[PDB]
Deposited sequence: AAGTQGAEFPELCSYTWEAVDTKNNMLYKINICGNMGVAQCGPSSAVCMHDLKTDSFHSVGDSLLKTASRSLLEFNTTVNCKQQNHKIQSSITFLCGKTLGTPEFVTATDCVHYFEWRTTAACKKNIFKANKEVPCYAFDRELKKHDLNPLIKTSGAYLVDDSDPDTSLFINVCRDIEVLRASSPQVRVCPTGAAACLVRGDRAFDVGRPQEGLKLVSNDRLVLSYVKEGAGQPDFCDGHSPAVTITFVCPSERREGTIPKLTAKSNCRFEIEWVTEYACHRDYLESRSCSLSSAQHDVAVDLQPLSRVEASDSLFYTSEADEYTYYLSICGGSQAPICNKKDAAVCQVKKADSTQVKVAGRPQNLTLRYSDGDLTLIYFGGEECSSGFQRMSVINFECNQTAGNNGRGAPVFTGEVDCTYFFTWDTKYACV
């Protein structure tokens, strides 16, 4: 199959400027009758409450990073039939098909996903859709929480048991630092370690479900034989409910609210359950109105016109928010530029200024730049600036970025500044 792991589900996308909600299924077997058996992309006009298929699975044209779906229906313009186009970019999670734009004749989408990576190293054993659109077509996206490595420890307050869980995907046990996680059965999404016994009590199956128009639920299942003796004829199950706080607050730890008959119920209060637009901006500022917090990083773009974070093998030049770049990078458009220390000529864009995301969630302020140059795996380089509040920092308050490490073409920095004070 083409990007097989994506074919197991019917993915949703949306156009808010036009109140349209798209149903996407790369393999067409989405079964939405009102859209045709082989519809790969089914558009649902909300106002006229109708279903119009704009892409048929049997009329597919595929390339490395591009999927085109033609139809038989012709557009208003003669010799033109309706179609859908999806650009695939390598990602670190299964991600989501992002609506980019449509025209009378063609509907365009972009999809950063593990499925579209050359080096299949970025694939999880099993990952399910990790987001949901609400009644007002707003996206509640939990992708930022999915760990490509490690897991989270749930607070059960037990002394005899430990419980780890990953989000929308299996915990990567194979190469995990913590030797406590390495004992978990491969493919487990929820891992119960009781008295050095490590049991698998949940694997991802269905996608993220919006339940109360607000809350989100993810259910791991462990049906079948081999049920641990202490479950007493019951099959293990983990049900995580994510709730969006009425007001901003420090991130918390997913809490265990019930654990009888190996039927674990977990509650995770995280602002990642709130609509994306509440947590993010495409500029260097956030407001109380939209974000419930006001931040303006613009002043960090005022001794050269660029910040330079030194590294063992490379030099990172971070011109933030329109700030200008270092002369050694004034040859390419980039926000985070990487130069090889043993080769003043090997330069790499690890973040484009047009691809920026200012996010604030659970107490952490992050500035992300992406769409960087591709790494052999396919992943376009990306840089994440972890902002911390510090009223008293060098540079009349401002500060400077500190390259704190790279992880498979994603570069991490820390930036203590007063402008990061909520």
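Unmodelled regions of the deposited chain sequence (numbering from residue 1, in sequence order): 1-6, 309-312.
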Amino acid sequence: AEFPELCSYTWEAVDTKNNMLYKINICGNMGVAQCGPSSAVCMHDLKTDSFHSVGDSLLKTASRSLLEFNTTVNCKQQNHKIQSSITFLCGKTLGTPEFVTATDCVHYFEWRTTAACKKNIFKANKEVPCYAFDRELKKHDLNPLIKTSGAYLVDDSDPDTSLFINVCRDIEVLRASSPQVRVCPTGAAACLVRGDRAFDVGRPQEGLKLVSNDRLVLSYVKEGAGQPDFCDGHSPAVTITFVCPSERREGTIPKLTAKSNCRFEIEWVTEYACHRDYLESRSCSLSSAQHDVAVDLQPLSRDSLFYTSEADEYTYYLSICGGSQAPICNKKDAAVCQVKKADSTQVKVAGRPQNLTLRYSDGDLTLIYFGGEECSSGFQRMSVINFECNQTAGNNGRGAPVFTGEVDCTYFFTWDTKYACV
From here on, numbers count along this sequence of modelled residues.
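Relative to its counterpart among 276-284 and 87-95, 276-284 has the higher mean temperature factor, C-alpha atoms as listed in the PDB entry. On average the C-alpha atoms of 68-76 have higher B-factors than those of the other stretch, with 125-133 and 68-76 being the two compared.
Highest C-alpha temperature factor among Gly36, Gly55, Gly363, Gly371 per the entry: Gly36. Taking the deposited Cα B-factors for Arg381, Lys60, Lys47, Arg359, the highest one is held by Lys47. Per-chain ranking of the deposited C-alpha B factor places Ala40 in the middle third. Among all modelled residues in this chain, the alpha-carbon of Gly251 has a temperature factor (C-alpha) in the middle third. In this PDB entry, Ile385 carries a Cα temperature factor that places it within the lowest third of its chain's modelled residues. Ranked within its chain, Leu367 lands in the lowest third, by CA B factor from the PDB record. Among the modelled residues of its chain, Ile266 has a C-alpha B-factor that falls in the lowest third according to the deposited record.
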